[PDB]
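**Student:** before the rest arrives, take these chain(s) from the complex:
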Amino acid sequence: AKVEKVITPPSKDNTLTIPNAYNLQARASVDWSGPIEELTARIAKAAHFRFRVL
Amino acid sequence: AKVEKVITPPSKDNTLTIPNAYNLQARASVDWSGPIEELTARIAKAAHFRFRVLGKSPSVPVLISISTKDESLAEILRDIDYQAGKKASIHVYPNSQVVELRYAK
Amino acid sequence: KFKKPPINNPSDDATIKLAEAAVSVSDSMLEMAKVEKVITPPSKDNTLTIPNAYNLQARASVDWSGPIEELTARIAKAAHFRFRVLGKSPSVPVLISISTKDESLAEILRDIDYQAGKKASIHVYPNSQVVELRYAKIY
Amino acid sequence: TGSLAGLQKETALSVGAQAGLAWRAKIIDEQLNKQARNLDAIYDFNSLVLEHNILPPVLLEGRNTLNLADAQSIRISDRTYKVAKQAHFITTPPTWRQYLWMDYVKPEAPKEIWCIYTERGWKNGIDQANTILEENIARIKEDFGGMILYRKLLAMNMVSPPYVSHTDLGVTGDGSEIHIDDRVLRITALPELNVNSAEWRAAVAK
Amino acid sequence: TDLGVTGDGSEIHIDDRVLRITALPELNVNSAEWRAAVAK
Amino acid sequence: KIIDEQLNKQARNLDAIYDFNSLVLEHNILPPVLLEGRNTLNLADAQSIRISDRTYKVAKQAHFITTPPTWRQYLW
Amino acid sequence: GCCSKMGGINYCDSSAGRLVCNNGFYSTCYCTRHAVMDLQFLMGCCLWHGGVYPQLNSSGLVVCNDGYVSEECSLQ
Amino acid sequence: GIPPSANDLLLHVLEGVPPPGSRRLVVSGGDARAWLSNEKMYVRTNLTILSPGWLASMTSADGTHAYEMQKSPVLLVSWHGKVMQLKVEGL
Amino acid sequence: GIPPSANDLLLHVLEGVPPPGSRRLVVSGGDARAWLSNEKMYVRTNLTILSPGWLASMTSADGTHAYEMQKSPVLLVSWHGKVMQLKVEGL
C-alpha cells in the first residue's frame, strides 16, 4: 500500500459525488456479507430517500 | 481502494438531467430488450411529444434492456441515455415539444 | 394472554403448493393482459348487438361446463324468447365454462358471446323476441 | 471414541413406505377432488386455443446468461428464447387431470424396535409422495406458462402465426360410396421466432 | 466481440458478447522501463 | 474437531485477513502468483559456481473466475 | 413441546418451513428440511472437494474426486 | 472457434422440471433443489452461491437462479447478508 | 398426398353393430358401448367426450356420436353441463 501510494498519488475525493445533508446523520452499525443493492436500498430506506438503479 | 478509485466531478458529468416537464412525470411500466429507436419513439408517443433522429443506424443496432414496473418517463429516458453510452444521445426540447436521438459520428 | 386475530382451520401442503403455483399464474396473466390491452385498444362493445329489454331482467345463478347450444336454449326459454340457429355446428364442439351468481340474463348472454370468441355469435332482437346463435364461416 | 478416558429391522422401512405412499396419494387425490372448479378456472386450456383448433406452442425464456466455456474465454447473453414444443392440430383441449392426478392402488400384501422403523418408513413414503406432487405441479406450470409467453410474444410481434390452407372438393366418390362436401385442411407454416429486430413493437403502459 | 440478435427461427439470443483474454501477464526483461519508488 | 471449532470461532476475522475479493481484476480475472528469491548461490560442481542477486518466477497463471476463493478451501 | 404455554400446534406451514401454534404466533420449531438453518459445522471428509471417490482400496488411503488425498480419513 | 452459448437444460431447471434421465439429490438447510444428470449438479434456488464455483448460470424474471456446476457435498450461500452452508446428500 | 377421409367401421358403430373380429368391453357409469378391434376403442354414445381425445368422429341424424380413439381405462364426459367419469373394463 505504501509503494502504490508513492507511485500513484490520488487527486480526487468522493465527497463531491456523495455530499452530506440533514437526516443523513442518523447512525448505524452494520455487519453485511452480501450483494450491494439490498444493503444500499436499506440504507436509503432508513435515510428516507428514494432509491434509483442505473 | 482510496488510491485506486477514480471519479468525476458532478459539474462535467455527461448524463441527461430531468427535463421536469408536466407531461413527463406520468408513471409507466416497461418490459423491453431490443433496439433503442422503437422504445424511444413509443416513450415520445406516450408522452405526447414529437420524435426525430439525426444520424444513421449502424450495421449492428444499439441494444438496451429496460425492465421497470413503476417509473417516470423522464427517469426511463435517463436510463436509456445512460445505457446507450457513447454511441447515441437523447435530447429533450420542451418549448417545442420534441425528443431527438443523435447518433455518434 | 397474547393472540393474533387470524386463526383459521389447519391447512394442507398440497393446497399450499397449488396456491403458490396459482398466484404466479395469475400475475403472469395480469402482465400479459396489460401488454395486450396496451398494444390493441378495443373500440366496439356488444351492447349494440345484444341490447336489453323487459323480461330479460329476470336473474339467474349458473354453473355450466358443456356446449353452448343447450345453455343458450335454456336461457331463451326462461326469457320467453324464440330460439334460432344459423350456420352448421362444427365437428369439434364449441365448449364454454360459465360460473356466475345472481346476474341478469343479458349479462349472461354477453359473457357467453365474449367467451365464444371467433366460433359463434349471439344476437338479440327484442321486437321479434328472438335470440339467434350463428356459427362462424370457417372450415 | 471421544476422549482418552473414554478409550480407557430393514424390512420395516420397506413395509411402511408403500403404505405411507398409498395413504398420502389417496389424501392428495381427495384434496384435488375438493377443488375441481377452481383448478378448471385457473388452468383454462380451452380459451387459449387458436382459430382452427390449433394448440399454441410452448416458449421458454432465459435472462442474464453466462457460460464459462473454459479458461481464457467466456460467453454471455442478455436474453434467450427457445421453442420447446410445436403447434399441432387437436380435437380436445387438455385438462389438469392428465397432469396432477396421482395413482392409488390399495396395497393388501403385508416388536421392540419395529415401531420406530415403521414410522420412519411412513415418513419416507409421505415425503416421496409430496415430491412427486411437486414435480407434477412444476410440469403443468411450465406447460401453461409457455402458452402464455407465446401470446405475449405474438402481441409484441416476435413470433409468426401459423398459416392454414384449405382445399374444398365437391361431390367426390365412386358409385358405391359418395362424400357430399369434402374439405382438406393443412397448416403450411409452423410458428417461429424472428431475427429481424427492426419490426419489433414495444409497449408502454400508462 | 459484440454480436446482435443471433440464432435461427427456433431459438434466438438477443445480445451476445464473447470475451477472450489475448495476452497473459508476464515479466519484462528490459530494465530501462522500470520505475523506482522513494517513500518520504 | 477442536481445530475446526477454533476456526469457526474466529470466522469473521479470517475473511477480513484473507480478502480474496478485493484483489480481483477488472474482467473478473484472478491475479497471477509470483515468487521471489534473494541472494542465490549454486555450487553445480567443483571449479565453477553461479550466483544471482534476485530471481522472480510465475507460479500460477491468470484465468477467468466466477467466484472468489475462500479460506475454508485451504484451512478446514 | 414446541408450542408450550400456548394452545398447541395448529399445522406445518411448508412455505416458511415452520410450525404454527393455536394462537397467531409462529413457532421456533422446524417441520421441513427446507427451512433456514444456520449450519456452520458439517461432518464428513473430502469436503471442499468433489467428495469421496467410491473405489474400494487395498490400502487405507482415501482419495477425493479431484485427485486430492485426505490425510485425516486415511488409515495410518 | 466461437465458444458455446449455454446449456439448454437450465431453462427446464429454471421452470423446475428435472432433466430427463437424472436422479434427485437431498438438500438440507435451506430452500434449494438439486439434480444430478451427467456427473454435474443442477441447482434451483434464489440464494447466492459463494464458495464452490459454478460453470454456467441463468436467471428468471422473478429472481430465481439456475446453476450448472461440478458435484460437491457442501454449498456456501448468503441468505440476507449472512453466510451459511447447505448440505447435499445422495451423491 | 390426400389424407384418408374416414373409417368405414363408424357407420356400423353408429348403427350399433359391432365390427367383425372385435371383442366387447364393459362400460360403467353411463349409457355407452365400447368395442376393441385393432388395439383401438370404438365408442357409441350420445355424451360429449372431453379429456382423452379421439382420432375420428361421426354423427347420426338423431344425435348419436361414434368415436375412434386409442385405448384408455377412463373416459371424461359431460352429461347436462356436469362433468363426470366412465369406467372401461376388459382391456
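**Tutor:** Cool, the structure landed. Residues are numbered from 1 along each chain as shown, chains lettered A, B, ... in the order given.
**Student:** go ahead and confirm residue G:6 touches residue G:25.
**Tutor:** Yes: at 6.8 Å, residue G:6 counts as touching residue G:25 under the criterion of Cβ atoms under 8 Å. Every residue, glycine included, has its C-beta placed from N, CA and C.
**Student:** so those two - more neighbours on which side?
**Tutor:** When neighbours are counted by other Cβ atoms under 10 Å in any protein chain shown, residue G:6 comes out ahead of the other of residue G:6 and residue G:25, with 17 against 14.
**Student:** so who does that one touch?
**Tutor:** G:21-23, G:25 (Cβ atoms under 8 Å, 6 or more residues apart in numbering or on different chains).
**Student:** so which of those residues is the closest to chain B?
**Tutor:** Nearest to chain B, judged by Cβ to the nearest Cβ, of these is residue G:25 at 33.5 Å.
**Student:** mind checking the longest helix of chain D?
**Tutor:** helix D:114-155 (DSSP state H).
**Student:** if we can go back for a sec, may I see the ChimeraX selection of the buried members of the contacts of residue G:6?
**Tutor:** Remark: buried members of the contacts of residue G:6, expressed as a ChimeraX selection using 16 or more other Cβ atoms under 10 Å in any protein chain shown:
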select /G:21,23
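**Student:** export the contacts of residue G:6 as JSON lines, with columns for secondary structure.
**Tutor:** Below are the contacts of residue G:6 laid out as JSON lines (DSSP: H, G, I helix; E, B strand; the rest coil):
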{"residue": "G:21", "secondary structure": "strand"}
{"residue": "G:22", "secondary structure": "coil"}
{"residue": "G:23", "secondary structure": "coil"}
{"residue": "G:25", "secondary structure": "coil"}
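**Student:** among the contacts of residue G:6, which pair sits farthest apart?
**Tutor:** G:22 and G:25 (9.2 Å; Cβ to Cβ).
**Student:** here's chain J, drop it on:
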Amino acid sequence: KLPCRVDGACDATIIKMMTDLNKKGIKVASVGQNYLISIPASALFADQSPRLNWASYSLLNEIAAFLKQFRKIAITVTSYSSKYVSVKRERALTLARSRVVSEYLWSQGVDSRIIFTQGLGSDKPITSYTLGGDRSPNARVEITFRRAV
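**Tutor:** Putting chain J together with the chains above:
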C-alpha cells in the same frame, strides 16, 4: 442429526419474558410480525443527561436476553424527549441516548445485521399531558424490529 429448532430459543421462554416485562412496566407489543419495545427514560438515564445508571444494566441484560430469542435483520432504536432549553440540545441528547443504548445492545450478543439509531427530540408526542419532565410518559426510547421467517 439435523437441528429441530432455532438454538437458544423457546416459545414458553418468549411468553415468560413478555409477561415479566409487561408486569414490571416495559411495554412489549406485537402486531403481525412487527415487534415494539417501549422504555421510559427515567428507568434508564439520569435527569436529562446521557449518562446511564449503574442499576439499569440488569434491565438492558433482560432486554438483550429477550432479543436473542428471535431471528432478525435490522433493528431500529429511536429516542424521544421533552422540551428543556431548545431543539438542538434535546436532539443531541436523544441522539446520544440512542447511541449509548445501541452500543450496549451491540456489545451484547444480539444476532442482527443492521442496527439504526435516531433521536427525534420532541417532535412526536404520544400524550397531550406534557407537565412532567423526564417523568413524562412521552419521553422514551423505542426498539422496533420485524421477525424474519
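**Student:** chain J added, so what about the contacts of residue G:6 now?
**Tutor:** So residue G:6 contacts G:21-23, G:25, J:11, J:15 (Cβ under 8 Å, 6+ apart).
**Student:** closest residue of chain H to chain I?
**Tutor:** residue H:17 (22.3 Å).
**Student:** between the contacts of residue G:6, which sits nearest chain I?
**Tutor:** residue G:22 (38.5 Å).
**Student:** could you report the separation of the closest one from residue G:3?
**Tutor:** 7 Å (Cβ to Cβ, to the nearest Å).
**Student:** for chain J, list the residues in contact with chain G, please.
**Tutor:** Chain J has residues J:2-7, J:9-12, J:14-16, J:69, J:71, J:147, J:149 near chain G, with proximity defined as Cβ under 8 Å from any Cβ of the partner chain.
**Student:** swap the cut-off to 6 Å and go again
**Tutor:** Contact residues (Cβ under 6 Å from any Cβ of the partner chain) of chain J with chain G: J:5-6, J:9, J:11-12, J:15, J:149.
**Student:** restricted to helices, list those.
**Tutor:** Using DSSP H, the residues of chain J next to chain G in helices are J:11-12, J:15.
**Student:** which of the residues you listed count as buried?
**Tutor:** J:11, J:15.
**Student:** name the nearest of the ones in helices among the residues of chain J next to chain G relative to residue H:41.
**Tutor:** residue J:11 (37.3 Å).
**Student:** contacting residues for that closest one?
**Tutor:** G:3-4, G:28 (Cβ atoms under 6 Å, 6 or more residues apart in numbering or on different chains).
**Student:** so which of the residues you listed are in strands?
**Tutor:** If you go by DSSP state E, the contacts of residue J:11 have residue G:28 in strands.
**Student:** are any of the contacts of residue J:11 buried, and if so which?
**Tutor:** G:3, G:28.
**Student:** so can I have JSON lines of the contacts of residue J:11 showing distance to residue A:52?
**Tutor:** Below are those laid out as JSON lines (distance: Cβ to Cβ, whole Å):
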{"residue": "G:3", "distance to residue A:52": "45"}
{"residue": "G:4", "distance to residue A:52": "48"}
{"residue": "G:28", "distance to residue A:52": "39"}
